[PDB]
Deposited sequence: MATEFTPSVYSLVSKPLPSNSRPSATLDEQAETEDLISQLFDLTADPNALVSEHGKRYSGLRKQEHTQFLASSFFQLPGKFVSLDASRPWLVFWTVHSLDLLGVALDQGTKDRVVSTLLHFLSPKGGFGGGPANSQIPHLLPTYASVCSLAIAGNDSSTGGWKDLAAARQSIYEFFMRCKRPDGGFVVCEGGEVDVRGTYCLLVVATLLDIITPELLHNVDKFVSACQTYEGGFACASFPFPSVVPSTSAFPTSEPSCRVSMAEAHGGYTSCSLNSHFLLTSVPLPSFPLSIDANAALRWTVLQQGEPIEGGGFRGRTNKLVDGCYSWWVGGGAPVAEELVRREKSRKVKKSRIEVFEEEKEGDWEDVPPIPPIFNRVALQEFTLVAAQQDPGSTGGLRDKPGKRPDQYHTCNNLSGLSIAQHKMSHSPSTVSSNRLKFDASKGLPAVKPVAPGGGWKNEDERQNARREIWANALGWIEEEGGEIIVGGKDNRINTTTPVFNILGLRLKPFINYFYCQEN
C-alpha cells in the first residue's frame, strides 16, 4: 500500500537549491528547512517496530490535544477578542476535533453548544459570529454553526435541528440577499465577495434542501473563472461588462490552498445539480497537478504549502490534502467521459502531522502551523482533518450513489422554499424531486475504500474518517442530511 508513498526518513533530505541567486524567499525557506529537519532528526522514525532510545516518540498525543480543546467549554483569555466575530468557528474547530479524536461530549454539554449557537441565529435569516443582538448574519459563521449543529445536535425538541428546519425559508432569503448577478455572493451585508462565501453557502444549501435555480445562476461561472494559470484557484473572479452577462471573467490573485479547496468543493457540489449545461467545467488535470506540487520535500517533512514559493504549514493538510480526493474524482470523470497508486504521499503527510505539527510533549497540547508556532484551535482542527484524509483512502463511489438513488423517497420532505422571483424555482415537481434525489444521493456518495487504510506509527494513531467536501464525520452527515430531506 506504501510502495509509492515513501517515508521522509527513507529519502535523502537536501535544501532547495539556490542557483547562486539569494533572495528573501530563499532566506525564509532555508530557515524553515533547518527548523523542520532538526525536529525530525530528534524524533524516532514512526515506522519502526521498537521506538529508538534517546529520541522523541512521535505517537499522536490525543489526551494532550483533548485537554487543549477543553478550555472551549470553560472560557478563553482576553486575547481571543480578535476571534469575537468568529465564535461559531471556535465551536466547530473544537467539536469536530473531538469527533476526530474519538471523544464524546455528554448531553448537557451538547445542549449548551446547541443553545449557544441558536442565540447566534437571526429571525431574518442566517447565523452571525456571535449573538444575534450583537452581530449581523454572515455566510462563514452560518457554515460553522450548521456543521456544529450536525455534530452536537439531534432531532428532539432541544436538539436544534427542529429550529434549523423552521429557519429554512429565512436562511434561503438571506442567501438570495447575498447573491450578485455575476454569480458571486457577498459574505454579509456590505461584505467581501469570494469563493469562501460560495463554498459555505453551497454546503448549507445542500444540507438543508434549499437549492433553487435562481440561487445557482452564474455560480458555476464565477467559480470556474477563479482558476489560475498554475491550476489552483484564486479568491475571486472579476466580471468585465459587455461594453449578469459579462464579456469575460478574470481571476484576481494567486492560486491558494484555501481558495482551491473552496473552489473544488463548490464545483463538486454543483455537479450534482441537474441543470442544462451546468456547471461550467474546470481544468481538473491542472488542479490535480497544482495540488500535488504543493506537497513539500523530505527536508520540510512532507507537509503542504498553501502557494508556490511560500512555506509548508500544517493547516494545508486539510485545505490542499483534503482537496486531493475531489480533484481525483473530477479527473476520473473526465477520463471516463473520453472513453491505482495514491496521488499524494499519504505517509509523509502523516509524518509531518506526528513529528512537526504536534505541540512538544508535556505541554499545553494542541497542533500548530510549524515548529516555533503556538498551537491553536484552527491548526488543531485542520491538522487532524488532513491527517484523517491521509489515513483513510476516500473516494466518491458511483455504485454507492446509484444505491442511494434507489432508496430515495421523493414523497417525503420539508416544505419547498418560496423563490424570491416568480420564475426562480424548479419548473415542476418532477424536476424538483429529481434535483432533491441527485443532490442528496451524491452528498452521501463518499466512502472509505476497504483495505485502503494507512496508519503511520501504529493503530493507536488512527483517528476517525472525515468526509471530503463537508469536513464532518460521515456518521454525523448521514442522519443530519436525512433529517432535512425526511429520509431514513
query: Deposited sequence positions missing from the model - stretches, numbered from 1, in order; finding: 1, 245-253, 350-370, 520
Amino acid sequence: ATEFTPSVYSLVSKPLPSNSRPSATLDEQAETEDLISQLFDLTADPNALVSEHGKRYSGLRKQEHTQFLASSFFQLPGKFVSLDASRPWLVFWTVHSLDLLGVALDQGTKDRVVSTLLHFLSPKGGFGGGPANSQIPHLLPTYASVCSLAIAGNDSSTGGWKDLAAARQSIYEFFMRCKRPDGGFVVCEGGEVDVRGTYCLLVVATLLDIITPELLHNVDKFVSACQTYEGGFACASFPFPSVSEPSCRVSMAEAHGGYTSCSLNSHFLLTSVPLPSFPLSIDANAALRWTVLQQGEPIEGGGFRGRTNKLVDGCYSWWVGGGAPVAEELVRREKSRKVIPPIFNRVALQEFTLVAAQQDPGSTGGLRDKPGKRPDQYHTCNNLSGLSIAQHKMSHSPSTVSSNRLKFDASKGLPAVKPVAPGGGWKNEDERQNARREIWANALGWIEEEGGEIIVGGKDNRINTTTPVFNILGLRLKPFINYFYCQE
From here on, numbers count along this sequence of modelled residues.
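We call the rigid core whatever largest set of C-alpha positions still superposes within 1.5 Å between the two forms.
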item: RMS Cα shift after core superposition in 7 other deposited structures of this protein, winner of 67-75 and 269-277; value: 67-75
item: Absent coordinates for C188 in a third or more of other compared entries; value: no
item: Cross-entry absence of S97, a third or more of other PDB entries; value: no
item: Stretch with the greater mean C-alpha B-factor as recorded in the entry, comparing 127-135 against 257-265; value: 127-135
item: Entry-level comparison of average CA B-factors, 50-58 and 33-41, reporting the higher stretch; value: 50-58
item: Selection by C-alpha B-factor (highest) of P325, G366, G386, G413; value: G413
item: Residue, from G184, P88, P375, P341, that the PDB entry assigns the highest Cα B-factor; value: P341
item: Ranked C-alpha temperature factor of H392 among modelled chain residues, by third; value: lowest
item: Chain-wide C-alpha B factor ranking for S23, given as lowest, middle or highest third; value: highest
item: Within-chain third of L475 by Cα B-factor, per the entry; value: middle
item: CA B-factor placement of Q294, once the chain's modelled residues are sorted into thirds; value: lowest
item: Chain-wide C-alpha B factor ranking for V273, given as lowest, middle or highest third; value: highest
